[PDB]
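Enquirer: Take this structure first; my questions come after.
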Amino acid sequence: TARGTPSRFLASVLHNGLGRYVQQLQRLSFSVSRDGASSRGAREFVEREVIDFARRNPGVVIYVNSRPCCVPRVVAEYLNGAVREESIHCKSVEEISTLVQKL
Amino acid sequence: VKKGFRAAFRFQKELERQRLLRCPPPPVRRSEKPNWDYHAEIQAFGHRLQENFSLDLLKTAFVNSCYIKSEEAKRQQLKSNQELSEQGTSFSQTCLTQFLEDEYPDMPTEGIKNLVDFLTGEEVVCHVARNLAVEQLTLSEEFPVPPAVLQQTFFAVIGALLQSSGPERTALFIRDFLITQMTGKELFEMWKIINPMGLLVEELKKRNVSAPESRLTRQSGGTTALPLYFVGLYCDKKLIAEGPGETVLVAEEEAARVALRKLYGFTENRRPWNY
Amino acid sequence: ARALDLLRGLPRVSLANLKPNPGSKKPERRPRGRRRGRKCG
Amino acid sequence: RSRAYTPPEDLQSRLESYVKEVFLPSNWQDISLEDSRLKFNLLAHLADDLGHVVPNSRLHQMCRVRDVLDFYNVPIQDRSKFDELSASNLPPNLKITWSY
Amino acid sequence: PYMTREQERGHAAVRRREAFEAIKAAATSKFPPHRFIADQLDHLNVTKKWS
Amino acid sequence: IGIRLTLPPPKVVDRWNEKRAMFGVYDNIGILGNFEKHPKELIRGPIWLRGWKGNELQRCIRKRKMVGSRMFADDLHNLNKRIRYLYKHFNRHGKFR
Amino acid sequence: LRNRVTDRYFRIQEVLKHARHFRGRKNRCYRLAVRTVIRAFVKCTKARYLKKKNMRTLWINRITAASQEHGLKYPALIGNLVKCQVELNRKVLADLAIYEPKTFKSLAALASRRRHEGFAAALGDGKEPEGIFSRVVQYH
Ligand SMILES: [Mg+2]
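Protein chains in written order, with the entry's author numbering: chain b, 2 to 104; chain c, 31 to 107, 119 to 316; chain M, 10 to 50; chain h, 56 to 78, 82 to 158; chain o, 52 to 102; chain i, 32 to 128; chain R, 10 to 149.
As structure tokens, then:
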């Protein structure tokens, strides 16, 4: 509830739309287990769509780390330093392409 | 002893979070943390700003002088920033003054010099460079990057951009990132003046207009601790300004600023910047 | 049988792939929670 | 032992050597292979000449030398996924490390 | 009223009968759905890995 | 606050144990051994419930009739009380009749 | 006990984290804190109806304030801006009262001139030419 949670005002980062639009996403960092059942949808994102995503946004540098993980993650880093680590554990391919385009 | 792994694994990771809310680590830069690739992140840098840099020229616009004097002192157990932050500072000190003079052709030489002293001073330009991810692409000696070095580095990026696309791209890149920083600001929040009534007399004598008469248009609660006055500034029975204030000398000093903002074309309802 | 050629591309059937027929296993209904148990039926 | 099989440019020719060594009439791409001696011999040559066996799951599928010809003019590519991605035109904002 | 009772006698009986015969053909066409080899072999995919 | 401050000692598990590697062998001894044995002559447990499944009233009535003659005396008296309880529960109480 | 609950610290902490800013024992003890977190969560969703209502009476009270500086009343302004086909809502009209008061002096003038054009039209009931600000722009 709003008294239990903080608040803020509506703001862009550096007046994001005035002169030019700067994409605020800086990095994306996937960690996908190769032999691992939870990353089975995220393995197909790295297969199918991580090349296609990396040409719609050239200002975002993408990392696919591919280690022994139990819960695959995407760590979305922004230009102002905020870090959103969302978990793509046992998601489909469709639920990740909406997850990553939302970040 | 209840058996099982998963609650003890959750609780171990939720005590590490409490170890960081009691003992947080000192800041390290993004370079010496995982997931980093410097020739990647410099390419991806320019694509964000929609600018075509030349990567030999942009890479050396991050190599500061202090970074170099640590590498050679560590080599007992590269070209600098300086050439490119001289062409990028002299240009944005001169490409900024051309925009502020075309938009406000009535501001004096003393004010526009102080407007460009604010847009190219350390406190706006190190808010621009920190949110454009310059602070993560610098090579420097210490961390967090001090604003002597970061104000220097950001203009070497403007220096690199000038030799990669010329002024007819760089006059945009200053208009979109430094000129936008004055939006929603008052004039004397940048150009801070002492005694605006002195500065208002001489501007009025310059335009061959007679003296302003301080005069009390409206007031309220003159014998309380919360008064309001409005002091109107009449130049031969026409008012050029009026301003409010807690006492009379506050309202006369502020109506002197209200006159200067109307004289210079820096009012609140003035025409916005065309982008 | 075209279905056997589909078995070539799929990974090998282990004991970690098995699944009953849909409808063969009903879910056991046990009295915990707001709907199933307050007076528990 | 590598499973990387490339169909050579001359597979249509080397097979006509190998039907003729297993037999020899015309229309040599439509012989029924219902003899097992005529199926074992033709398929034990083509493995030892090429290094690419017929799997047991595809063995009953090839009843014609039509059906043996097109098993050998497909390629089998056997690479890791790190080899498959890094040799597949990654855009320069994409880095794939592989801690394995 | 535009017509009387004698004029609207049976005037929608061809559509009213046809509307129920679609309600009746909706109700007499209940059956279990077709069951495929597609949804059964697709559970083998839960152990798909990389090489 | 009953949650452990250290994570427990690790569970190693030998998947190629002799019990696990040969699990299942001779479960099909009847249908391809000319039916000389049943698969329930492989099950090893209490003598009264070899090849036989029942609920708790069927189990204690069967354990009494088969092994009650050599049961311990304070352990037999618990069995007759348990049969007398599960008779009263299963025949007199419940939601469904 | 075959299997007992180990995750119970994390179920307490989903309800106690929402109660951390409360008074007394309803931030610490879970049995009291679960009845207040529920009651706080009931009030939060029922206040999506009263945020919308309490904003509008605040807009109406700020419009009644500013249309009385110009002599009108609230119903004489709002009903008459409709007859001029001016479909500005109450949120914008309270924004024009505060932030652009020369325009609110124009809308109070438009609403009053249409108000005088309605008295002067409905005196001679029957065929009389409409006022300038009484013509409707019909759309088809
Ligand atoms: Mg209860």
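The C-beta atom is built at its ideal place from N, Cα and C for all residues, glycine as well.
Does the beta carbon of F50/R sit closer than 9 Å to a beta carbon anywhere in chain b?
Expert: Closer than 9 Å: yes.
Enquirer: Against chain c, which members of the segment 27–60 of chain b pass a CB distance test of less than 7 Å?
Expert: So the list reads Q27, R28, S30, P59 and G60, given in the order they occur along the chain.
Enquirer: Give the range of the beta strand (DSSP E) segment to which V272/c is assigned.
Expert: It spans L269 to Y275 - the beta strand (DSSP E) in which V272/c sits, taken as one unbroken run.
Enquirer: Indicate the three-state DSSP secondary structure (helix, strand or coil) for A212/c in the structure shown.
Expert: Helix at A212/c.
Enquirer: Could you check whether the Cβ of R45/M sits closer than 8 Å to any heavy atom belonging to ligand 1?
Expert: Not under cutoff, so the answer is no.
Enquirer: At a Cβ threshold of 9 Å, is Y18/R touching chain c?
Expert: Yes, its Cβ sits closer than 9 Å to a Cβ of chain c.
Enquirer: Beta-carbon separation of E71/c and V62/b under 9 Å?
Expert: Yes, the pair counts as a contact, with Cβ atoms nearer than the cut-off.
Enquirer: At the level of alpha carbons, what is the spacing between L11/b and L137/c?
Expert: Answer to the nearest angstrom: the Cα atoms are 29 Å apart.
Enquirer: What is the DSSP secondary structure of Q147/R, reduced to helix, strand or coil?
Expert: DSSP places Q147/R in coil when its eight states are reduced to three.
Enquirer: If you draw a straight line from the alpha carbon of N249/c to that of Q123/c, how long is it in whole angstroms?
Expert: Each residue's alpha carbon lies about 47 Å from the other.
Enquirer: Let me know if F71/o comes out buried or exposed under the rule of 16 or more other beta-carbons within 10 Å of its beta-carbon.
Expert: Counting Cβ neighbours within 10 Å, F71/o comes out exposed, since fewer than 16 surround it.
Enquirer: Give me the Cβ distance between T179/c and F92/c, rounded to the nearest whole Å; I'm assuming they're in contact under 8 Å.
Expert: That pair is a contact at about 5 Å.
Enquirer: Looking at C-beta atoms only, is the number of pairs between the segment 188–206 of chain c and the segment 55–62 of chain c that lie closer than 8 Å three or more?
Expert: The answer is no - the segment 55–62 of chain c does not touch the segment 188–206 of chain c, with fewer than three Cβ pairs under 8 Å.
Enquirer: Is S138/h close to chain M, meaning its C-beta is less than 9 Å from at least one C-beta of that chain?
Expert: Chain M contact via Cβ: absent.
Enquirer: Whose C-beta lies closer than 8 Å to the C-beta of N66/b among residues of the same chain, with five residues either side of it excluded?
Expert: Excluding positions up to five away in sequence, the list reads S30, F31, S32 and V33.
Enquirer: Please name the residue in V132/h, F98/h and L66/h whose C-alpha comes closest to that of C121/h.
Expert: Ranking the options by Cα distance to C121/h, first place goes to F98/h.
Enquirer: Between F82/o and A76/o, what straight-line distance do the alpha-carbon atoms span, to the nearest angstrom?
Expert: Roughly 13 Å separates the two Cα atoms.
Enquirer: Check the DSSP bridge columns for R52/c and list the partner residues they point to.
Expert: Paired residues: none, contrary to the question.
Enquirer: With DSSP as the reference, label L29/b as helix, strand or coil.
Expert: Looking at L29/b - three-state DSSP - the assignment turns out to be strand.
Enquirer: For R210/c, which of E81/c, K32/c and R312/c has the nearest alpha-carbon?
Expert: For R210/c, the nearest C-alpha among the options comes from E81/c.
Enquirer: Checking contacts by CB at 9 Å: is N151/h closer than that to chain c?
Expert: Chain c, which has a Cβ nearer than 9 Å to the Cβ of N151/h, makes this yes.
Enquirer: What do you get for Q73/c, buried or exposed, if any count of 16 or more other CB atoms within 10 angstroms of its CB means buried?
Expert: Classification of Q73/c: buried, given that the 10 Å Cβ count is 16 or more.
Enquirer: For a contact defined as C-beta to C-beta under 7 Å, what are the partners of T99/b on chain R?
Expert: None at all; the shortest Cβ gap to chain R is about 26 Å.
Enquirer: When DSSP builds the beta bridges, which residues end up paired with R122/h?
Expert: In the DSSP output, where bridge partners are listed per residue, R122/h has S90/h.
Enquirer: In chain h, what lies closer than 8 Å to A70/c by C-beta?
Expert: By Cβ distance, chain h contributes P150, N151 and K153.
Enquirer: Go ahead and pull the three-state DSSP assignment for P237/c.
Expert: Helix, per DSSP.
Enquirer: If we ignore side chains and look at the alpha-carbon of each, how far apart do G33/i and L41/R end up?
Expert: Cα to Cα, the separation comes out at about 20 Å.
Enquirer: For residue 116/c versus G129/c, is the C-beta spacing smaller than 9 Å?
Expert: Because residue 116/c lies between 107 and 119, and chain c jumps straight from the first to the second, it has no atoms in this structure.
Enquirer: So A117/R packs on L67/R, CB below 8 Å; how close in whole Å?
Expert: Not confirmed; about 19 Å, so no contact.
Enquirer: Name the one or two DSSP bridge partners that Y60/h has.
Expert: Paired residues: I134/h.
Enquirer: Should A282/c be labelled buried (16 or more other beta-carbon atoms within 10 Å of its own) or exposed?
Expert: When all chains shown are included, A282/c counts as buried.
Enquirer: Is the separation between the beta-carbon of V166/c and that of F196/c shorter than 9 Å?
Expert: Contact flag set, yes.
Enquirer: Round the Cβ separation of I89/b and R74/b to the nearest angstrom and send it over; I've been treating them as touching at under 8 Å.
Expert: Indeed they touch by this definition, with Cβ atoms about 7 Å apart.
Enquirer: In chain R, which residues lie with their C-beta within 7 Å of the C-beta of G20/b?
Expert: Those within 7 Å of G20/b in chain R number zero; the least Cβ separation is about 26 Å.
Enquirer: Is the segment 306–314 of chain c close to the segment 12–21 of chain M, with three or more CB pairs under 8 Å?
Expert: The answer is no - the segment 12–21 of chain M does not touch the segment 306–314 of chain c, with fewer than three Cβ pairs under 8 Å.
Enquirer: Using only alpha-carbon positions, find the residue among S57/h, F129/h and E92/h that is nearest to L66/h.
Expert: The shortest Cα separation from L66/h among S57/h, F129/h and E92/h belongs to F129/h.
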